[PDB]
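Only one chain is shown below, in structure tokens, and it's the form deposited in one PDB entry.
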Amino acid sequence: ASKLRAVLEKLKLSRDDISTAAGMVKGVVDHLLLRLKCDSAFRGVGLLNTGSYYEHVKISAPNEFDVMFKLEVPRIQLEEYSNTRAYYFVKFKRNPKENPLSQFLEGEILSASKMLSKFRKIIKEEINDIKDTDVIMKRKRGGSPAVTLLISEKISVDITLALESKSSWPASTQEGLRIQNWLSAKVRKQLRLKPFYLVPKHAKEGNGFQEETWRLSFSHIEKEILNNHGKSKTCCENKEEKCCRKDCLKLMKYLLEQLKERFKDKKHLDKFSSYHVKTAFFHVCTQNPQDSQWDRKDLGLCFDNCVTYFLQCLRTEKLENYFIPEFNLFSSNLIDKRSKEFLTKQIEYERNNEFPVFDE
């Protein structure tokens, strides 16, 4: 409680660094968006700001920004890859209409690897052309849909191409977004009328990846929820309604970042990401729908609720994607049992000793 508030103080972002970093990111992004708009296929490219910075849960420093370069793909037809629920082949519906993505077709399917390749190429060539800022592209990460840029050796910007569909969400999402008792049935209905995105993250296929597959992304919905997260419409807008939901997410993120850092002899914890903790945190919100279950005075207890649910996810090897219930982020296919048992032991130790990892 006293300890957790002291940790939260240290995790706060500098107003000075937010102001500079935001301008540096704007300059790079605005410029890249302007170049992609010239290309016939990337004509309708649009910016969506996503991830922890724009959700106000980024911790320690504003040094990693996530952005979606969304592109409306009309008359899209999806084909679920090997019952994965989250990965799809992208096809096109019937009509003699001109297709701006004919270029990247590998038969009747829109290639994710080929479209990401060109997207990355246009960014690579533009980043080393016009100056006033020094921007370097980091090595392509296998599978990952992100094209990572580093601005003046300090701030990372993950840019993902995102196919935008204004059609009803895929059938795999029908039982997801279980926010009815928390944010309301009206809000769930309104959110599901919004577009959904496909990013070029490929499905794990043994040792490699199925390079034509795209994955569902709901980053825009996650942001909306985190920035309008209470049962009360006035949650965190006044001094009487200051909940500890975001503080609990920041503490879970820091717990995982700190354990990953200290066990930097690597491999054990490499597969665990902040998205696992974000997903587990949304499930704890569904489980504790009342703002009275996130009182600032109960910070210790609420954080423990988050820690025990995450420990349950690890032990049960179950962590459902919050939007795609049958997509298990903690399946043995994705994370071996050994790694989950290893993380369980470290989190149990931390929980039993009042989190020495948070000591200064």
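When you see a residue number, it is the position in the sequence shown, counting from 1. Rigid core: the largest C-alpha set superposing within 1.5 Å between the two forms. Only residues modelled in both forms are compared.
Beyond the structure shown, there is the form deposited in another entry, which is absent from this document and is the topic of what follows.
- With the rigid core aligned between this form and the one not shown, the listed residues 42, 309, 53, 69 include just one Cα displaced by at least 2 Å, namely that of 53.
- Once both forms are overlaid on the rigid core, the distance between the two CA positions of residue 97 between this form and the one not shown is 2 angstroms or more.
- The distance between the CA atoms of residue 279 and residue 51 is at least 3 Å longer in the other entry than in the form shown here.
- Cα of residue 308 to Cα of residue 52: at least 3 Å longer in the other entry than in the shown structure.
- Comparing the shared residues between this form and the one not shown on a common core, the stretches of 3 or more consecutive C-alphas each displaced by at least 2 Å are 51-58, 94-98, listed in sequence order.
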